[PDB]
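All remarks here apply to the structure that follows.
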Protein chains: 2
Amino acid sequence: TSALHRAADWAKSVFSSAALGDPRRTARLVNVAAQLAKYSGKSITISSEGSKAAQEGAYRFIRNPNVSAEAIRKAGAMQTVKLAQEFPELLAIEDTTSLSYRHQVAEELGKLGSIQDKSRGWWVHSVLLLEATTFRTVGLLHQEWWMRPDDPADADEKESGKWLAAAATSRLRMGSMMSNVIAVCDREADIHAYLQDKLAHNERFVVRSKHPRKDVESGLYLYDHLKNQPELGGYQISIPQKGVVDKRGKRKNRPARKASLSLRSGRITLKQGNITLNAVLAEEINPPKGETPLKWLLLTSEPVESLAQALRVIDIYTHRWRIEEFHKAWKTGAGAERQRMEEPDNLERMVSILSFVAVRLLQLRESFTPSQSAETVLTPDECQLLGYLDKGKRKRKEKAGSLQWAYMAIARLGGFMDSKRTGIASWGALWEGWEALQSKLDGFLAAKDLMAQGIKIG
Amino acid sequence: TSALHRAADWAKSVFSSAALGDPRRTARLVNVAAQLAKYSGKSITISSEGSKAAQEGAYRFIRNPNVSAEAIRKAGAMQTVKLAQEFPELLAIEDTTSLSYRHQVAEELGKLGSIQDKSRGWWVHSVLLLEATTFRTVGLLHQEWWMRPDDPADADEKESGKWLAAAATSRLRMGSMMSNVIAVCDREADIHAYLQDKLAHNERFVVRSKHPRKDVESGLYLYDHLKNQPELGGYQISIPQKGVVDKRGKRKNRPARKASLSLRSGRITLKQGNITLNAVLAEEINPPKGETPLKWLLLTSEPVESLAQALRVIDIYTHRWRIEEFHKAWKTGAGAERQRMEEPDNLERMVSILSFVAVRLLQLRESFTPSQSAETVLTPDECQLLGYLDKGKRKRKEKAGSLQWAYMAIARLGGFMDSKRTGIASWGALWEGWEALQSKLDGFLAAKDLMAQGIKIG
DNA sequence: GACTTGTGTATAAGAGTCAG
DNA sequence: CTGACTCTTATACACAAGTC
DNA sequence: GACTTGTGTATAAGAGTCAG
DNA sequence: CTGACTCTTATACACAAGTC
């Protein structure tokens with residue numbers, strides 16, 4: 001938030017809490033995180049700016065047997081917890097991804113596909129906290145890493161307990177801030193035991209419905225009972241073009257279209273556990289000749305009885321993609337799967353660090369997104385150089401010297417050409433832009449310095 | 001050479017000759033090559049520096065049906081031919097690589113593996129010219145692109161004729177400069193018809209021996225006849241550590257070692273075609289308990305009768321890897337296989353351009369490699385900024401302000417940490433460094449400009 | 001000349017990718 | 001998932017700059 | 001204290017990758 | 001191919017800064 005742009009400051013805030021059992025490890029962590037963040041996406045070596053000291057330090061740290069990766073992730077998360085004190089409502093977006101490897105260490109790791117696959121590694125189940133008003137990323141609350149065994153009957157616990165394990169960690173970490181938190185999960189979380197545990201702790205959630213369950217008071221499947229309700233009202237959406245590549249490698253187009261949805265809600269009770277909760281059902285009115293009609297059924301602790309309360313629910317769900325965006329920031333962006341440590345713990349400690357770097361990529365774009373001047377975000381020196389680099393390229397929409405102009409200017413330095421006329425640049429473009437602006441800033445300052453000590457330039 | 005660092009200048013020299021049948025196409029080619037070179041490795045869009053004009057231009061050019069990719073490659077090659085006038089002896093390193101794709105266009109392309117593979121594309125057979133004294137890259141003389149058919153009996157010509165086809169093109173292109181040229185090829189070129197054609201044109205070559213052929217005057221296999229000769233003398237080599245990954249995915253180490261070789265030569269005559277030529281044989285004296293003894297048998301037009309003449313031959317061959325280095329510069333570096341044009345000709349015209357970009361990556365490092373001052377290569381402004389950026393990092397080996405220091409300084413800006421204490425940075429590190437130095441130079445100049453118009457910085 | 005192609009602008013959307 | 005994007009191929013105009 | 005771990009330097013080499 | 005590299009994991013010293 002306040003400590004973001006300056007990588008060293010950022011790393012102190014995230015990591016100085018870490019109980020690694022020696023302040024030298026925590027300071028080292030801080031330094032390491034700092035160089036990696038300044039060089040998001042690149043090798044440790046490249047992050048060391050030619051310092052043999054820092055290179056050696058970084059590598060010694062991530063193979064350090066007194067350094068607990070669990071503790072690294074926990075220390076970051078407590079920072080999230082500290083940050084989250086700022087907000088009256090939060091979303092806790094929850095999902096699993098895989099971290100996949102094929103080098104020699106992969107065989108010491110866990111199953112991701114078939115027993116024979118060379119690609120092995122970890123499953124990580126993550127909780128990403130956003131603030132609920134403007135949806136900005138607060139950070140990681142929780143990650144469970146595990147190695148799936150080759151033999152399913154060697155599992156200590158069933159993988160589906162990951163949703164409850166996460167709840168247990170969030171509540172513990174958030175403490176009394178938990179009633180502030182709304183857990184968002186997809187169909188994998190449509191587990192009776194999971195809904196039950198939330199309600200029992202009086203915790204808050206929006207989980208999408210997969211299994212047809214019956215409502216006690218009507219004796220009907222949730223869907224049939226919800227279709228009985230009066231039309232709470234409607235909403236139309238725009239579905240954006242994209243290409244599509246199926247599981248067998250087959251490519252098709254998905255042309256943009258506009259769909260319109262009828263919304264309904266109701267209070268519902270489930271046979272199992274005699275647990276009561278609410279549910280919203282959005283369904284498409286008159287879909288075109290040959291397309292899957294849209295259909296969302298959402299299970300929620302949240303109020304649903306007014307049209308607006310129900311839209312709050314839909315839109316809380318519409319932000320679920322954000323956890324995938326983190327996964328992409330972790331992998332493609334920060335380089336989790338590009339690492340090549342030769343031992344599991346080494347690979348873990350590194351990739352642990354990289355998860356908070358990932359979050360910061362997200363937050364960097366978010367730091368520029370939202371009315372007034374560029375000076376609120378950039379330094380005076382940053383502000384002038386950007387103005388020079390951008391000369392001519394500024395569009396008429398953009399108020400001169402505004403934070404909106406600063407967003408675009410950086411995006412353009414990152415390569416952004418708005419190919420879909422949406423105005424929105426990827427976090428990847430913003431990062432390249434920021435990094436470019438920062439790199440050109442070295443030269444700018446170097447001239448300033450020399451010019452300040454009375455030396456002629458060129 | 002002279003026109004290299006400045007991308008626009010470089011592109012004019014390489015491409016202003018192009019007969020595309022409209023000077024507008026040639027100028028467009030020049031512009032396109034220029035932006036791509038300035039942004040080696042990145043997308044067309046990113047290369048357009050926010051110019052909608054240049055983006056649209058670039059894309060219109062590479063889907064232009066009046067633009068012949070053949071002609072693009074030819075125009076570059078004639079520049080090579082023009083450059084090569086400078087040199088009294090050249091190496092023409094010759095080999096094939098594949099350009100491989102899996103997007104929708106791939107199925108309109110040719111076979112690279114089995115009939116069923118999704119990975120399809122072209123085979124390209126290339127001739128890379130170096131000068132023979134200090135081995136610097138002069139450029140591409142020739143490329144043959146073709147699509148291997150699914151059915152081997154649908155081939156217009158056998159693929160092994162590629163060595164002769166290349167000879168035919170080089171001689172035509174080099175004209176009377178051909179007697180300056182020494183063709184270097186590996187075992188695939190150990191074809192009787194190919195040796196014969198060289199000798200008949202009185203062209204010059206070093207080709208490694210695969211098939212046991214017999215010498216007429218002795219009646220012995222080349223190898224047995226060469227082992228009869230007196231020990232012309234010896235030479236020892238250092239073999240550098242590397243990892244090894246076999247075809248089935250199996251990983252092993254190859255530890256560094258020192259090998260010593262005994263050298264022999266002789267004049268030889270082959271039964272077929274009663275063609276006479278020379279041959280050198282290098283073979284390892286007493287290899288360690290369990291390792292493949294080294295063994296090179298080279299067929300050559302070149303003189304071989306003195307120890308030194310024979311070493312000239314070995315070392316001419318020892319530079320064969322350079323064609324692989326080009327292939328890597330073309331693919332990984334310039335991004336040939338990262339392109340995603342949706343039509344073969346579009347994909348070809350683009351990748352054609354990218355092959356000369358590749359060559360320039362090689363030449364950029366080479367432009368810094370070899371006694372005196374940095375000022376011989378960099379501009380005064382470039383020279384100062386680099387000196388600032390490098391403050392503290394300079395080693396004692398490095399004479400202050402020398403071209404040797406400039407090499408290291410750039411390498412360090414590119415991430416180079418000399419992990420194998422060899423002093424040699426990859427072309428990839430030099431490029432990142434150069435690009436970084438260039439990027440920081442924008443800021444430096446921007447401060448200069450503003451400082452020159454009397455505006456306060458920061 | 002008679003007719004054809006490239007540029008710079010502006011509008012639109014198909015194809016591809018990651019991760020799923 | 002109603003993902004979110006960038007890469008790539010289009011199309012129209014007026015008008016400039018080509019071939020023939 | 002008695003004993004154990006991190007830093008900055010310097011030396012070395014195994015493991016991995018591309019393209020083959 | 002005797003490829004050429006970068007990434008990663010080592011090891012010793014003296015000495016500083018930790019745990020117990």
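These values consider heavy atoms only, across backbone and side chains, with no hydrogens, waters or symmetry-generated copies. Chain naming here is simple, since letters A, B, ... match the order of the sequence lines and numbering starts at 1 in each.
In a base pair of the Watson-Crick type (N1 to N3 plus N6-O4 or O6-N4) or a G-U wobble (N1-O2 and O6-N3), with each distance short of 3.5 Å, C:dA12 is matched with D:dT9. Using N1 to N3 plus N6-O4 or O6-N4 for Watson-Crick, or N1-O2 and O6-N3 for G-U wobble, each under 3.5 Å, D:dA4 pairs with C:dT17.
Counting only distance, with no hydrogens or angles, the side chain of A:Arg349 and the backbone of A:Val67 share a donor-acceptor pair below 3.5 Å. Of the possible polar contacts, none joining the A:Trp296 side chain to the A:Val280 backbone as a donor-acceptor pair under 3.5 Å is found. A distance-only check finds a donor-acceptor pair linking the side chain of B:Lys331 to the backbone of B:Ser98 [under 3.5 Å]. B:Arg63 places no side-chain N or O within 3.5 Å of a backbone atom of B:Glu343 that could act as its donor or acceptor partner. No donor-acceptor pair closer than 3.5 Å links the side chain of B:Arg248 to the backbone N or O of B:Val245.
A:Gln241 comes within 4.0 angstrom of a base, heavy atoms only. Residue contacts for A:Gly21: at a heavy-atom cut-off of 4.0 Å it reaches the sugar-phosphate backbone alone, with no base atom in range. Nucleic acid contact class of B:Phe61 (heavy atoms, under 4.0 Å, all strands): none. As judged by a 4.0 angstrom heavy-atom cut-off over every strand, B:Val244 is placed among residues making no nucleic acid contact. B:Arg102 comes within contact range of no nucleotide atom at all, as no heavy-atom separation falls under 4.0 Å. At a threshold of 4.0 angstrom between heavy atoms, the contacts of B:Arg63 include nucleobase atoms, whether or not backbone atoms are also involved. Across all strands, B:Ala259 comes closer than 4.0 Å to no nucleic acid atom at all (heavy-atom distances). The residue B:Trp296 sits close to a base: some heavy atom pair falls under 4.0 Å. Nucleic acid contact class of B:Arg254 (heavy atoms, under 4.0 Å, all strands): sugar-phosphate only. Among the protein residues, B:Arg25 comes within range of the sugar-phosphate backbone only, with heavy atoms under 4.0 Å from sugar or phosphate atoms but none that close to a base. Within the nucleic acid shown, A:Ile239 comes within 4.0 Å of sugar-phosphate atoms alone, with no base atom in reach, counting heavy atoms only. Contacts of B:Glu325 with the nucleic acid, taken as non-hydrogen atoms under 4.0 Å apart, are absent. Among the atoms of the strands shown, none is found under 4.0 Å from any heavy atom of B:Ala256. As judged by a 4.0 angstrom heavy-atom cut-off over every strand, B:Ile314 is placed among the base-contacting residues.
The side chain of B:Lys242 has F:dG3 as its nearest neighbour among F:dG3, C:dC18, C:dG16. Relative to the side chain of B:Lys331, the nucleotides E:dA19, F:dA12, C:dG20 differ in distance, and E:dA19 lies closest. Side-chain proximity of A:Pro240 to E:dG16, E:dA15, D:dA4: nearest is D:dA4. The side chain of A:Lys52 sits closest to E:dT11 out of F:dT2, C:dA19, E:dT11. Taking the side chain of A:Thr45 as heavy atoms from C-beta on, and the options E:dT5, F:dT9, F:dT8, the nearest nucleotide is F:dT8. Proximity note for A:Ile62 (side chain, C-beta onward) versus C:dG14, F:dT9, E:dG16: the nearest is F:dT9. Among D:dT8, E:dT17, D:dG3, the nucleotide with an atom closest to any side-chain atom of B:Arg251 is E:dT17. Side-chain atoms of A:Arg24 lie closest to E:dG6 of the nucleotides E:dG8, C:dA19, E:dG6.
In this model, the phosphate group of F:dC1 is not approached by any side-chain N or O of B:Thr318 to a distance below 4.0 Å at OP1 or OP2. Distances shown here put a side-chain N or O of B:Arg208 below 4.0 Å from the OP1 or OP2 atom of F:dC1. A sub-4.0 Å separation between OP1 or OP2 of D:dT9 and a side-chain N or O of B:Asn346 is present. For A:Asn64 and E:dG6, the shortest distance from a side-chain N or O to OP1 or OP2 is below 4.0 Å. For A:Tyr101, no side-chain nitrogen or oxygen approaches OP1 or OP2 of E:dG16 to under 4.0 Å. The phosphate of F:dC7 (OP1 or OP2) has no side-chain N or O of B:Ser419 nearer than 4.0 angstrom. Residue B:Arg322 places no side-chain N or O under 4.0 Å from the OP1 or OP2 atom of F:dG3. Between B:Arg28 and C:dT7 there is a side-chain N or O to OP1 or OP2 distance below 4.0 Å. Side-chain nitrogen and oxygen atoms of B:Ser43 include at least one within less than 4.0 Å of the OP1 or OP2 phosphate oxygen of D:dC7. OP1 or OP2 of D:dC5 sits under 4.0 Å from a side-chain N or O of A:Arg365. Taking side-chain N and O atoms only, B:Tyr235 has no distance below 4.0 Å to OP1 or OP2 of F:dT2. For D:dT8, the OP1/OP2 oxygens have a side-chain nitrogen or oxygen of B:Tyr59 closer than 4.0 Å. Within the structure, a side-chain polar atom (N or O) of A:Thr332 is placed less than 4.0 Å from OP1 or OP2 of C:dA19. Distances shorter than 4.0 Å separate none of the side-chain N or O atoms of B:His327 from OP1 or OP2 on E:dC18.
Between F:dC15 and C:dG6 there is no base pair of the Watson-Crick or G-U wobble kind with both of its two distances under 3.5 Å. Base-pair annotation: F:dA17 with C:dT4 fails the Watson-Crick or G-U wobble criterion (two N/O distances, each under 3.5 Å). Nucleotides D:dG18 and C:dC3 qualify as a pair under the Watson-Crick or G-U wobble definition, both contacts being shorter than 3.5 Å. Pairing status of C:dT5 against F:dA16: not a Watson-Crick or G-U wobble pair with both distances under 3.5 Å. Between C:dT9 and F:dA12, the two key atom distances do not both fall under 3.5 Å in a Watson-Crick or G-U wobble layout, so no such pair is counted. Taken together, C:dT7 and F:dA14 do not qualify as a Watson-Crick or G-U wobble pair under the 3.5 Å criterion applied to both distances.
Placement of B:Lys328, defined by side-chain heavy atoms under 5.0 Å from groove-facing base N or O atoms, is in the minor groove.
Here the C1' atom of nucleotide F:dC7 and the CD1 atom of A:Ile46 are 10 Å apart, to the nearest Å. When rounded to the nearest whole Å, the span between NZ of B:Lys247 and P of E:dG20 equals 10 Å. As rounded to whole Å, 13 Å separates atom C1' of C:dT11 from atom NZ of A:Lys395.
With hydrogens and angles ignored, a donor-acceptor pair under 3.5 angstrom links the side chain of B:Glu342 to the base of C:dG14. Under 3.5 Å, the side chain of B:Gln339 and the base of D:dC7 form no donor-acceptor pair of N or O atoms. Applying the 3.5 Å distance criterion, the base of C:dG16 shares no donor-acceptor pair with the side chain of B:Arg338.
Residues A:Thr45 and A:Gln55 have side chains that bring a donor and an acceptor to within less than 3.5 angstrom of each other.
Here CZ of A:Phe326 is found 10.0 Å from OG1 of A:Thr137. Values are rounded to the nearest 0.5 Å. In this structure, OG1 in A:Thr97 is found 4.5 Å from NE2 in A:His327, a value given to the nearest 0.5 Å. Atom CG of B:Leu20 is separated from atom CG of B:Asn64 by 9.0 Å, given to the nearest 0.5 angstrom.
Using the sign of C1'-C2'-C3'-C4' as the criterion, D:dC5 falls on the north side of the pucker cycle. Judged by the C1'-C2'-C3'-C4' torsion, which is negative here, the sugar of D:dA14 sits on the south, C2'-endo side.
Residues B:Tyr235 and B:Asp315 are not in side-chain contact: their nearest non-hydrogen atoms beyond the backbone lie 4.5 Å or more apart.
Comparing B:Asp22 and B:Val105 along DNA chain C, the residue whose closest nucleotide (by nearest heavy atom) sits nearer the 5' end is B:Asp22.
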